[PDB]
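We just call them A, B, C, D and E in the order they show up, numbering each chain from 1.
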Amino acid sequence: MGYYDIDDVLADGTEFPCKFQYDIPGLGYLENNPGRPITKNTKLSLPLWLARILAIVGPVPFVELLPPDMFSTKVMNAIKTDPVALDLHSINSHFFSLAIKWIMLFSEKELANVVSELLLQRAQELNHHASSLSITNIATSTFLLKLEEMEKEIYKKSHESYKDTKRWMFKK
Amino acid sequence: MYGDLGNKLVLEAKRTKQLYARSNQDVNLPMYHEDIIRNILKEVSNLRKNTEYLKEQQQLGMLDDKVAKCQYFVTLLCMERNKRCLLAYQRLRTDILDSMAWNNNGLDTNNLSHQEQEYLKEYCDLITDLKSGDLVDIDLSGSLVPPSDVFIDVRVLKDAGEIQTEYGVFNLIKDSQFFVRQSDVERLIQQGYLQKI
Amino acid sequence: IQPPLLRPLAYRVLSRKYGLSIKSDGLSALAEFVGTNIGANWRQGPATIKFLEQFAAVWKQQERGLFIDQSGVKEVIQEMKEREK
Amino acid sequence: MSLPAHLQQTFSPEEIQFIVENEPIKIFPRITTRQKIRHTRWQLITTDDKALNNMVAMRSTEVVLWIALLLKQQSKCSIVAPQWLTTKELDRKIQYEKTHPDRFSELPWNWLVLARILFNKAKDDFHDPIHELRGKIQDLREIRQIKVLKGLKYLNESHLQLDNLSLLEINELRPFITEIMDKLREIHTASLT
Amino acid sequence: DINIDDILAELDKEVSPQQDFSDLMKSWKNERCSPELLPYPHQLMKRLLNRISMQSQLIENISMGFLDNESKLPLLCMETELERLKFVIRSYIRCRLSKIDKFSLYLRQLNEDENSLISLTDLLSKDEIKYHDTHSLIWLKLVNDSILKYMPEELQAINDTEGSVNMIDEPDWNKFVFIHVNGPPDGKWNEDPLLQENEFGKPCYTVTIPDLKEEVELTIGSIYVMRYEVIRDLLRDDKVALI
């Protein structure tokens, strides 16, 4: 999550729904209307880097973020059913980082517990896949397609470590 | 938006980082994203002009306390995001260049920018200078692999011809094997002339 | 002059410094350059190091010990030293 | 960068092998390096030279494992098999692991690497057949892997204890376990007010 | 019965370069494992370098004598030992330079900060300090000519904390790192106040993780995974060595 971290930059660039708590003339560029003043109660998705700051500051905060479908209770129920079967990458490549940022902006113990359980199950599956080494598979391909980009990087690191260890063991 | 170009540049940086992590051997780095960088710089100049206009509006005094403050804050945040993206991409490319200099220059100019090429030359000069002086006894450019094998059979991957040794000249005639200490043949292996006996 | 005596010295001073191949004929040419001074020319050792550095800066070519280019580089470095004097 | 990306988090198996080589090992010399009162010398700056210079034929002596293997490359050196590296000791460790699924058998942290290196080189020195020792090592590795799977099922963010686990196993598990525990700790910290 | 072990011990009682090499190995391992840069041991490094120089000179003299008993096996042993020692020293120095470049901004901040307990020269070697200064200056010149000329002067500062993510980068104290409890540096377990009896007669060292405010005891001669910040106290005490 570094300042120069490209993945963190992309996750911050991701937009989230929000509802305006203020009416600001001259902010029509965010509205995408050249001369229309911003209005209170207006609903507009905003980039996470800007939406989070607007939710933090404003006293009444300047904007209030609406709950995303990635944070929807239906997605939560699907995760509680089967953490592995869900396509977290299709939902968001930075879904875990976005969940962590949403927990930081709004402390949610149950959400953190559900996210941790999903991460643990997906990590067990990813560890099984990484332990499976060549002496592309459809099952691993579908699992990676479900797996987010960060989880795929972790899986690549673990699988490369296992493959290097096996190669060094089987070769002089 | 203005930050979208920086996001695209950072996406290219992440793609190149994943590629370099995938390939152990150093590939010729992707050509510098001069187009996206120049677009981001033009956006930064436009935002600077907008900030100057906002300061002029503040001198006019209309809503300078709140509306102009928010507009200037938004423009400054956009400039900061663009600068962060550009710095991240440049740092990743420069780290790749430093790794390449440690790999080869210690023992694809079109892809690099001219400033990047000057920086890589300066890094190679710095490596040679660090080896040239204190701690010169150990070749800092020498391989980081532990000396697992004192002696190893060596033969030419290529017919380079005569080659120097500590006290000998060895012909590298094609497919000519040898039995020598690994340390002396480490430089020749780095040259690629001899591979695995 | 004393190419065998300078051979380990030239090998170290060049190959350890830059990774550059030193041909035996080039070592012999450097020996003749050293023998151009009647006595041992220890300062000429640093002069040869400077010549190798200038050759790496200009030609930037491996196998500089072939001495076809190294003799001209030696003349160039000698002229540079004369200008320095 | 100066450090390879894979090396940023964990030591390589070759590095673990280098550490195991830094460990010492007993061997039987075949050269009377010791000179009678009636010669080249090691003069090692990082290790004892007196043992090497006092070695005599068939006089058991201990030296750093790398130097021991270097001498074993010559016919002069024959490495002494570790006592725990015996069929009876391996069977005892296997029975201990079977009786204690929670508790790992008290094998050395470099037991796996040392057994592999000895099978590569010191297979001749083993009085017991090398195949039986290899099978026992594989059985112990499988038991330890099952125990590691159970422990991963029982992970905790606060801490973990692995007493008798092999150093190679710890090095292999460092990336995955460290990343998972760090992610869990980050989730718990974000949950914390 | 009467115990005369003390009497027998009293009757029995009537700088090692190898130990320095072992200390260098432990220090290099701790430097590789620890995100924070370790303080530079100048005396030990200089003694090892002098020993390496003398060994190389002796090997060269032996080579001259051979070119003029005659057994090159000890010479090969000395050459391999010198190669291994030089490789270890170079690896430690390269890791130190990597840490210096990773925290160049924080190191400039620490050098500027008189309140910082450790002087930059104290933490680094002289060559390390010169390298950090020159590298930071070159990077600052490049970044300034690249972007700072167009950037407004209020935001032109490279190391400023005004950004939401501070541009200065510092080692992660709280990062988890594996460790094996070395036990007390002294032979006597009771002599170490940190060492204390735990259940089943096991000496242990009490430790606390500030984030959870949890207190735990680390048995001597045992391996554990803990945050580097809490581990740093025992590491400075040398009671535990990073894996």
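In the analysis below, contacts are C-beta pairs under 8 Å (C-beta built on N, C-alpha and C of every residue); 3 or more make two chains touch, one makes a residue touch a chain.
Common neighbours of chain A and chain D under the contact rule above are B, E. Among the remaining chains, C is positioned farthest from chain D, on the basis of C-alpha centroids. Distance between chain centres (mean CA atoms), chain A to chain C: 62 Å.
Put simply, the C-alpha centre of chain A and that of chain B have 29 angstrom between them. Between the Cα centres of chain D and chain E there is a gap of 24 Å. Distance between chain C and chain D, defined via averaged C-alpha coordinates, is recorded as 50 Å.
Residues of chain A in contact with two or more other chains: 3, 53.
Listed for chain C are no residues, as none touches two or more other chains.
Taken residue by residue, chain E touches two or more other chains at 52, 80, 84, 94, 163, 165, whereas all remaining positions touch fewer.
According to the touch criterion at the top of this document, the contacting chain pairs are A-B, A-D, A-E, B-C, B-D, B-E, D-E. Interface residues of chain E facing chain A in the complex, by the touch rule stated above, are 163-167, 169. Across the complex, chain A is touched by residues 1, 3-4, 6-7, 10-11, 13-14, 17-18, 21-22, 63, 67, 70-71, 74, 77, 81, 84-85, 87-89, 91-92 of chain B. For chain D in complex with chain B, the touching residues are 1-2, 5, 14-15, 17-18, 70. The residues of chain B lying in touch with chain E in their complex are 41, 44-45, 48, 51, 76, 79-80, 83-84, 86-87, 90, 115, 119, 122, 126, 130, 134-135, 137-138, 140, 142, 144, 146-147, 150, 167, 181, 183. Contact residues on chain A toward chain B in their complex (touch as defined above): 3-7, 9-10, 13, 24-27, 47, 49-50, 53, 153, 156.
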